[PDB]
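Before any comments, here is the structure.
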Amino acid sequence: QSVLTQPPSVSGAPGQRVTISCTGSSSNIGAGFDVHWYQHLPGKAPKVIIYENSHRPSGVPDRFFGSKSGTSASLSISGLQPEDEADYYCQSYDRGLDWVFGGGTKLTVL
Amino acid sequence: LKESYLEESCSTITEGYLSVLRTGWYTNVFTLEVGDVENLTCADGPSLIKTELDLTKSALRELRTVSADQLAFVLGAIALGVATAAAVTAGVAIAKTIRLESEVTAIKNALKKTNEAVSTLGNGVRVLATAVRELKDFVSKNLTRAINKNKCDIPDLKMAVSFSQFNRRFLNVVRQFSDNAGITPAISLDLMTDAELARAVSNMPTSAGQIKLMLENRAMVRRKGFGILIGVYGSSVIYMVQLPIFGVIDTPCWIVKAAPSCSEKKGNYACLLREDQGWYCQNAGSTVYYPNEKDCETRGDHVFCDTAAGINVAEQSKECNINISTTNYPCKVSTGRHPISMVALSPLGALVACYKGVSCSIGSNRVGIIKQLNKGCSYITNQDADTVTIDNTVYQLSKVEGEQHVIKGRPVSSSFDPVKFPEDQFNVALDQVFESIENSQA
Amino acid sequence: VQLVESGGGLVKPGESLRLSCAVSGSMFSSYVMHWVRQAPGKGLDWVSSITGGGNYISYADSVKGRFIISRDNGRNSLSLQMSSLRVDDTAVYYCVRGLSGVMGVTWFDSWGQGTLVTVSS
């Protein structure tokens, strides 16, 4: 029932590129502000993985790349060592007086 | 509120305020269209309609001459007036961005008849396109049918007075733009109606309570903003305006003031002044210092400081407002051989450090002169007295209530000898003063 | 910067409980704070926002009115009263800090471990 939509059907082999698409509406994203993405591995408290669509904080490898354009936001992940198995979430500030998240997407490596 | 009076540095600190940090600028573009009045002419002699139409013609013609730009360490002095310079630099930069023929034609075909028609630029900035079309509706429905073979002396003066109350907005805005040469110092009630300002506020990209504080404190938000002319294209006059965007809200802030403490013995003076007076606020764990006074303004229990003129400092500066004797942070002071009778004005109370040569006392409105003030670094509150008098100059105290505390301490001026006291210095740290004393004695 | 909270357990539908959160930062009053929740097997969902000191709060529309938020800067503590329950509120709750950017936008970071709350029956 999350208004932010993203396909929870991504997996594959180690090493190659995988892409996550996070899309809303004009009231959701527009062009005033941005999207922030959070990773969540099971068994531990989730942490922020990227903010301001590009600003990697301390403690994250440069394998993770993000972008936003129009209303659509894109994640590119390469070099999949098996430990980066987690759920991924978006956030947005749509004007319905609510801080809505995304639908959540599982990512595993065969 | 909380007031703390430090004796050992002759300083006052006032905390308990709530933060409003002006951080962002929202560009807001307006257009108002007039029509084919350039092909409308009065040739039947003098008339009220003729004179008001000629006033509109002359106003829109002289508006074309304004074409933007030129019509087509001492911490206080370093940041002196830099916030206004940065604001007008950002304004003229975004004005140059939006002063393009393809951009204005695009914004005209984008606005059509939908009022708010938000769009993007070449580099990409939210602009919130809006047209006001009441005078176009009036001229299309009434005025063109009213005018016939250039007969402007019609008997219906109702059309004349309605045209007056309609074009008074355009005449008013062009008269501010003629008075201020395109750079308005504030926003008049004619540039922003309350509904338009609320519409601009609700579309400002920020959180919930940010929008709330934008809403119920809109008057001095209108005071803070300023509008810049862009130009006339087709029959449409297009201008813009910068709205402040308050991003950092509800954080404690404090203001520090000081007066020179002068150790005196046998006609020997040694005065020291804290040079870090001003505003301090917190945001995301970092401390922002505003040394200037014009950039920041109090209202109720809230403060409104500008982050452009502010500087970034550390937490340890706070520890020289408490433990200046044993501090590690060398926050700045100044040295002098002579006292200065400059009066300190706390937001709650006041301080006077007047010395030999003048007279000081306190007074009350209901009774009169209460008592004289002994020589030294003296503090007074609004509860004890109403006004403070030095020689012939009288200062008033605000009646804002709060709670106060005085930190007992031996003044740091008394720990030095005026004989070995060094020459006069500006903006040097206290440890620098101590090591200068040590070097001069050695 | 670590932080802890507690106050949940096996709770019958309807009654009010208190969630007390004991974040220990360098200095507290600078940070807006938020509560989020994690239903088991579903996605995360935002619960509540509170700013620095007790005046500008907001809630999600599903939890409007039923929830009370407060914080004491002197004690360095955070308080939530949770009331008028229905069974689908079973979730793990997180206190999160509000390290902000260059604007009014902020991202949740330095999350707590979480406290589990069951509502149904």
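Letters A, B, ... mark the chains of the structure tokens in the order given; residue numbers begin at 1 per chain; ligand numbers begin at 1, in order shown.
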
All residues 9 Å or closer to range 66-73 of chain C, only C-alpha atoms, same chain fewer than 5 positions away omitted, as a PyMOL selection string: chain C and resi 28-29+48-50+52-54+57+59+78-85

For residue 12 in chain A, work out the shell of residues within 9 Å, counting only C-alpha atoms and skipping chain neighbours fewer than 2 positions away, then give it as an MDAnalysis selection string. chainID A and resid 10 14 16 18 107:110

Check which residues of chain A sit at most 7 Å from chain C using only C-alpha atoms, and return one row each with the closest pair of atoms and their distance in Å to one decimal, ordered by chain and rising number, as CSV.
residue,atom,partner,partner_atom,distance
A:36,CA,C:107,CA,6.7
A:45,CA,C:113,CA,5.5
A:46,CA,C:111,CA,7.0
A:47,CA,C:109,CA,6.3
A:48,CA,C:109,CA,5.8
A:98,CA,C:60,CA,5.6
A:99,CA,C:46,CA,6.3
A:100,CA,C:46,CA,6.6
A:101,CA,C:45,CA,6.3
A:103,CA,C:43,CA,6.1
A:104,CA,C:43,CA,5.7

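Reported to one decimal place, the separation of CA of residue 21 in chain B from CA of residue 276 in chain B is 19.8 Å.
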
Closest-contact table, chain B side, partner chain A, 9 Å, counting only C-alpha atoms, as CSV:
residue,atom,partner,partner_atom,distance
B:120,CA,A:31,CA,8.3
B:124,CA,A:31,CA,8.3
B:125,CA,A:31,CA,7.8
B:126,CA,A:32,CA,6.3
B:202,CA,A:95,CA,8.8
B:203,CA,A:95,CA,8.5
B:204,CA,A:32,CA,8.0
B:205,CA,A:32,CA,5.5
B:206,CA,A:93,CA,8.0
B:207,CA,A:93,CA,7.3
B:208,CA,A:97,CA,6.2

Any chance you could export the current selection's N, CA and C atoms as a compact mmCIF listing (two decimals), in the first residue's frame?
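Saved the output as result.txt:
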# COMPACT_ATOMS: atom_id res chain seq x y z
N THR B 120 10.80 24.12 -14.75
CA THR B 120 12.22 23.93 -14.51
C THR B 120 13.01 24.82 -15.46
N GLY B 124 18.00 23.72 -13.89
CA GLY B 124 16.95 23.02 -13.16
C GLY B 124 16.71 23.58 -11.78
N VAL B 125 15.73 24.48 -11.66
CA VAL B 125 15.32 25.08 -10.39
C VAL B 125 13.80 25.18 -10.40
N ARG B 126 13.17 24.79 -9.29
CA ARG B 126 11.75 25.03 -9.12
C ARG B 126 11.47 26.53 -9.10
N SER B 202 2.84 26.78 0.84
CA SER B 202 2.43 25.38 0.87
C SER B 202 3.18 24.54 -0.16
N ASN B 203 3.69 25.17 -1.22
CA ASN B 203 4.46 24.47 -2.23
C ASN B 203 5.96 24.53 -1.96
N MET B 204 6.37 25.15 -0.86
CA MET B 204 7.78 25.18 -0.51
C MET B 204 8.24 23.78 -0.10
N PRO B 205 9.30 23.25 -0.69
CA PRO B 205 9.71 21.87 -0.41
C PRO B 205 10.42 21.77 0.92
N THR B 206 9.70 21.33 1.94
CA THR B 206 10.20 21.19 3.31
C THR B 206 9.19 20.36 4.08
N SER B 207 9.46 20.11 5.36
CA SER B 207 8.65 19.19 6.16
C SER B 207 7.36 19.83 6.66
N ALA B 208 6.74 19.19 7.65
CA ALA B 208 5.42 19.62 8.12
C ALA B 208 5.50 20.84 9.03

Could you tell me how far CA of residue 116 in chain B sits from CA of residue 196 in chain B, in Å to one decimal place? 10.0 Å

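Minimum atom-to-atom distance to residue 17 in chain A, evaluated using only C-alpha atoms, belongs to A:63 out of A:44, A:63, A:68, A:55.
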
From the DSSP assignment of the backbone, select every residue of range 196-335 of chain B that is helix (DSSP H, G or I), and format the answer as a list in words. residues 196, 197, 198, 199, 200, 201, 202, 208, 209, 210, 211, 212, 213, 214, 215, 216, 218, 219, 220, 221, 222, 223, 224, 315, 316, 317, 318, 319 and 320 of chain B

Store the residues picked out above, limited to N, CA, C and O atoms, as a short mmCIF file (atom, residue, chain, number, x, y, z; two decimals), in the first residue's frame.
data_model
loop_
_atom_site.label_atom_id
_atom_site.label_comp_id
_atom_site.auth_asym_id
_atom_site.auth_seq_id
_atom_site.Cartn_x
_atom_site.Cartn_y
_atom_site.Cartn_z
N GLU B 196 -1.78 34.37 -2.21
CA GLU B 196 -0.64 34.01 -3.04
C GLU B 196 0.55 33.60 -2.18
O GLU B 196 1.27 32.64 -2.52
N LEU B 197 0.78 34.31 -1.08
CA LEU B 197 1.86 33.95 -0.17
C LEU B 197 1.63 32.59 0.46
O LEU B 197 2.56 31.79 0.61
N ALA B 198 0.38 32.29 0.84
CA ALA B 198 0.06 30.98 1.39
C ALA B 198 0.24 29.88 0.35
O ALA B 198 0.71 28.78 0.68
N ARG B 199 -0.12 30.16 -0.90
CA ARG B 199 0.08 29.18 -1.97
C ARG B 199 1.56 28.92 -2.20
O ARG B 199 1.97 27.78 -2.45
N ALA B 200 2.38 29.97 -2.14
CA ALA B 200 3.82 29.80 -2.29
C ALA B 200 4.42 29.04 -1.11
O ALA B 200 5.34 28.23 -1.28
N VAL B 201 3.91 29.30 0.10
CA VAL B 201 4.39 28.62 1.30
C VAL B 201 4.06 27.13 1.25
O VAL B 201 4.91 26.29 1.56
N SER B 202 2.84 26.78 0.84
CA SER B 202 2.43 25.38 0.87
C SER B 202 3.18 24.54 -0.16
O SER B 202 3.30 23.33 0.00
N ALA B 208 6.74 19.19 7.65
CA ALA B 208 5.42 19.62 8.12
C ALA B 208 5.50 20.84 9.03
O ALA B 208 4.93 21.90 8.72
N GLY B 209 6.20 20.71 10.16
CA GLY B 209 6.29 21.82 11.11
C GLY B 209 7.04 23.01 10.55
O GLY B 209 6.81 24.15 10.98
N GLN B 210 7.93 22.77 9.60
CA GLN B 210 8.56 23.85 8.85
C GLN B 210 7.51 24.68 8.12
O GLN B 210 7.52 25.91 8.18
N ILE B 211 6.57 24.00 7.45
CA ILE B 211 5.48 24.68 6.76
C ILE B 211 4.57 25.39 7.76
O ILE B 211 4.09 26.50 7.50
N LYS B 212 4.36 24.78 8.93
CA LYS B 212 3.54 25.41 9.97
C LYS B 212 4.16 26.73 10.43
O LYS B 212 3.48 27.77 10.48
N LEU B 213 5.45 26.72 10.75
CA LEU B 213 6.11 27.94 11.19
C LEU B 213 6.22 28.96 10.06
O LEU B 213 6.21 30.17 10.30
N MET B 214 6.31 28.48 8.81
CA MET B 214 6.19 29.37 7.66
C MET B 214 4.82 30.05 7.65
O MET B 214 4.70 31.22 7.26
N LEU B 215 3.79 29.33 8.08
CA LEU B 215 2.43 29.85 8.01
C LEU B 215 2.16 30.89 9.10
O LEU B 215 1.89 32.06 8.80
N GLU B 216 2.24 30.49 10.38
CA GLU B 216 1.81 31.44 11.42
C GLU B 216 2.80 32.58 11.70
O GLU B 216 2.51 33.40 12.58
N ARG B 218 4.10 34.65 9.06
CA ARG B 218 4.29 35.07 7.67
C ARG B 218 4.65 36.54 7.52
O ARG B 218 5.19 36.92 6.47
N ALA B 219 4.37 37.38 8.52
CA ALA B 219 4.53 38.82 8.36
C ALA B 219 5.99 39.21 8.20
O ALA B 219 6.37 39.92 7.26
N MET B 220 6.85 38.74 9.10
CA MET B 220 8.23 39.13 8.91
C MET B 220 8.96 38.23 7.91
O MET B 220 10.09 38.54 7.52
N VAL B 221 8.33 37.13 7.49
CA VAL B 221 8.78 36.44 6.28
C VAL B 221 8.60 37.35 5.07
O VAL B 221 9.48 37.44 4.20
N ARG B 222 7.45 38.04 4.99
CA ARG B 222 7.25 39.06 3.97
C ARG B 222 8.27 40.18 4.12
O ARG B 222 8.77 40.71 3.12
N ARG B 223 8.60 40.55 5.36
CA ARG B 223 9.66 41.53 5.60
C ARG B 223 11.00 41.06 5.06
O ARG B 223 11.75 41.85 4.47
N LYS B 224 11.32 39.77 5.23
CA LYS B 224 12.63 39.26 4.82
C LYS B 224 12.77 39.18 3.30
O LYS B 224 13.88 39.37 2.78
N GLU B 315 32.32 23.15 19.75
CA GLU B 315 31.57 23.17 21.01
C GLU B 315 32.36 23.83 22.13
O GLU B 315 31.78 24.42 23.04
N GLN B 316 33.70 23.76 22.05
CA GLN B 316 34.56 24.17 23.16
C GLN B 316 34.45 25.66 23.45
O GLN B 316 34.79 26.09 24.57
N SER B 317 33.96 26.45 22.49
CA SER B 317 33.72 27.87 22.71
C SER B 317 32.74 28.09 23.86
O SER B 317 32.90 29.03 24.66
N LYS B 318 31.73 27.22 23.97
CA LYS B 318 30.79 27.29 25.09
C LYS B 318 31.51 27.19 26.43
O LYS B 318 31.14 27.88 27.39
N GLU B 319 32.57 26.38 26.48
CA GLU B 319 33.29 26.21 27.74
C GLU B 319 34.12 27.43 28.12
O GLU B 319 34.63 27.50 29.24
N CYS B 320 34.28 28.41 27.22
CA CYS B 320 34.91 29.64 27.69
C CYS B 320 33.87 30.68 28.11
O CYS B 320 34.25 31.80 28.48
#

Using DSSP on the backbone coordinates, identify the residues of chain C assigned to strand (DSSP E); present them as a PyMOL selection string. chain C and resi 5-6+17-21+33-38+44-50+57-59+67-72+77-82+91-97+115-117

Output of the above residues as a short mmCIF file (atom, residue, chain, number, x, y, z; two decimals), in the first residue's frame, restricted to N, CA and C atoms:
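This is the output file out-v2.cif:
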data_model
loop_
_atom_site.label_atom_id
_atom_site.label_comp_id
_atom_site.auth_asym_id
_atom_site.auth_seq_id
_atom_site.Cartn_x
_atom_site.Cartn_y
_atom_site.Cartn_z
N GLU C 5 16.40 1.52 23.67
CA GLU C 5 15.03 1.82 24.08
C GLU C 5 14.37 0.52 24.52
N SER C 6 13.27 0.66 25.26
CA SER C 6 12.55 -0.48 25.82
C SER C 6 11.14 -0.02 26.17
N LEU C 17 0.34 2.02 26.70
CA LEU C 17 1.65 1.74 27.26
C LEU C 17 2.60 2.90 26.98
N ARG C 18 3.76 2.83 27.62
CA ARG C 18 4.79 3.85 27.51
C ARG C 18 6.04 3.24 26.90
N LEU C 19 6.55 3.88 25.86
CA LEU C 19 7.83 3.53 25.26
C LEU C 19 8.83 4.62 25.62
N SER C 20 9.84 4.25 26.41
CA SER C 20 10.88 5.16 26.86
C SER C 20 12.17 4.85 26.12
N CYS C 21 12.80 5.89 25.59
CA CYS C 21 13.95 5.75 24.71
C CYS C 21 15.08 6.58 25.29
N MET C 33 13.91 14.27 15.93
CA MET C 33 13.89 12.82 16.10
C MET C 33 12.59 12.25 15.56
N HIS C 34 12.62 10.94 15.29
CA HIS C 34 11.52 10.29 14.61
C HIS C 34 11.34 8.90 15.18
N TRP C 35 10.12 8.39 15.09
CA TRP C 35 9.84 7.00 15.38
C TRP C 35 9.37 6.33 14.11
N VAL C 36 9.93 5.15 13.82
CA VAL C 36 9.46 4.32 12.71
C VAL C 36 9.17 2.92 13.24
N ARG C 37 8.41 2.17 12.45
CA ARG C 37 7.98 0.84 12.86
C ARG C 37 8.21 -0.16 11.74
N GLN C 38 8.33 -1.42 12.13
CA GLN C 38 8.60 -2.51 11.21
C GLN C 38 7.65 -3.65 11.54
N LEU C 44 8.78 -1.32 6.01
CA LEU C 44 8.83 -0.32 7.07
C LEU C 44 7.79 0.77 6.83
N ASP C 45 7.38 1.42 7.91
CA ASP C 45 6.38 2.48 7.85
C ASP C 45 6.71 3.54 8.89
N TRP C 46 6.63 4.80 8.48
CA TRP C 46 6.90 5.90 9.39
C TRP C 46 5.77 6.06 10.40
N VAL C 47 6.14 6.39 11.64
CA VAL C 47 5.17 6.59 12.72
C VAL C 47 5.03 8.07 13.08
N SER C 48 6.12 8.71 13.51
CA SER C 48 5.93 10.03 14.11
C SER C 48 7.20 10.86 13.98
N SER C 49 7.01 12.18 13.93
CA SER C 49 8.11 13.13 13.94
C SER C 49 7.94 14.08 15.11
N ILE C 50 9.04 14.36 15.82
CA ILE C 50 9.09 15.38 16.85
C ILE C 50 10.35 16.21 16.62
N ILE C 57 5.13 18.83 16.33
CA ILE C 57 5.10 17.39 16.14
C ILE C 57 4.15 17.07 14.99
N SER C 58 4.31 15.88 14.43
CA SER C 58 3.32 15.39 13.47
C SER C 58 3.30 13.87 13.46
N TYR C 59 2.19 13.32 12.98
CA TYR C 59 1.93 11.90 12.98
C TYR C 59 1.51 11.45 11.59
N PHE C 67 -1.72 8.61 19.37
CA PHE C 67 -0.34 8.52 19.82
C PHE C 67 0.11 9.85 20.39
N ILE C 68 0.91 9.79 21.46
CA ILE C 68 1.41 10.98 22.13
C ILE C 68 2.93 10.90 22.17
N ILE C 69 3.60 11.98 21.79
CA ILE C 69 5.05 12.02 21.75
C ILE C 69 5.55 13.17 22.61
N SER C 70 6.69 12.96 23.27
CA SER C 70 7.33 13.99 24.07
C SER C 70 8.80 13.65 24.24
N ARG C 71 9.57 14.63 24.69
CA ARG C 71 10.99 14.41 24.95
C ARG C 71 11.47 15.37 26.02
N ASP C 72 12.36 14.88 26.89
CA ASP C 72 12.98 15.70 27.92
C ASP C 72 14.45 15.85 27.54
N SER C 77 16.05 12.05 27.31
CA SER C 77 15.17 10.91 27.17
C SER C 77 13.99 11.25 26.26
N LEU C 78 13.36 10.20 25.75
CA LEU C 78 12.28 10.31 24.78
C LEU C 78 11.11 9.45 25.24
N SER C 79 9.89 9.95 25.08
CA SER C 79 8.72 9.30 25.64
C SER C 79 7.61 9.22 24.61
N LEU C 80 6.97 8.06 24.52
CA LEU C 80 5.79 7.88 23.68
C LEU C 80 4.70 7.17 24.48
N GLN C 81 3.51 7.74 24.48
CA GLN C 81 2.32 7.09 25.00
C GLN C 81 1.52 6.54 23.84
N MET C 82 1.23 5.24 23.88
CA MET C 82 0.54 4.55 22.80
C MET C 82 -0.79 4.02 23.33
N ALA C 91 4.47 -4.72 15.83
CA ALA C 91 5.66 -4.31 15.09
C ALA C 91 6.86 -4.10 16.00
N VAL C 92 8.04 -3.93 15.41
CA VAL C 92 9.24 -3.53 16.14
C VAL C 92 9.46 -2.05 15.92
N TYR C 93 9.64 -1.30 17.00
CA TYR C 93 9.71 0.15 16.96
C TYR C 93 11.16 0.60 17.06
N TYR C 94 11.49 1.66 16.32
CA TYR C 94 12.83 2.24 16.25
C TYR C 94 12.77 3.73 16.55
N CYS C 95 13.60 4.17 17.50
CA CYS C 95 13.97 5.57 17.62
C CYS C 95 15.05 5.89 16.60
N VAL C 96 14.90 6.98 15.87
CA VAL C 96 15.92 7.40 14.92
C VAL C 96 16.19 8.89 15.07
N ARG C 97 17.45 9.27 14.88
CA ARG C 97 17.91 10.65 14.89
C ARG C 97 17.76 11.28 13.51
N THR C 115 12.36 -2.29 19.68
CA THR C 115 11.57 -2.94 20.72
C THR C 115 10.32 -3.56 20.10
N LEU C 116 10.08 -4.83 20.40
CA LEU C 116 8.99 -5.57 19.79
C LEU C 116 7.71 -5.40 20.60
N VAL C 117 6.60 -5.17 19.90
CA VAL C 117 5.29 -4.96 20.52
C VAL C 117 4.26 -5.81 19.79
#

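For chain B, the residues within 6 Å of chain C are residues 206, 209, 247, 250, 251, 282, 283 and 284 of chain B, with only C-alpha atoms used to measure distance.
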
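Taking only C-alpha atoms, the non-local environment of range 409-414 of chain B within 7 Å (same-chain residues fewer than 5 positions away omitted) comprises residues 7, 8, 9, 261, 262, 263, 270, 271 and 272 of chain B.
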
Residues within 10 Å of residue 392 in chain B, only C-alpha atoms, excluding chain neighbours under 6 positions, as a list in words: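 Once the nearby chain positions are removed, what remains is residues 358, 359 and 360 of chain B.
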
Which neighbours of range 227-242 of chain B fall inside 7 Å, counting only C-alpha atoms, when residues of the same chain fewer than 2 positions from it are skipped, and could you give them as an NGL selection string? :B and (25-35 or 64 or 67-68 or 95 or 99 or 182-184 or 187 or 225 or 244)
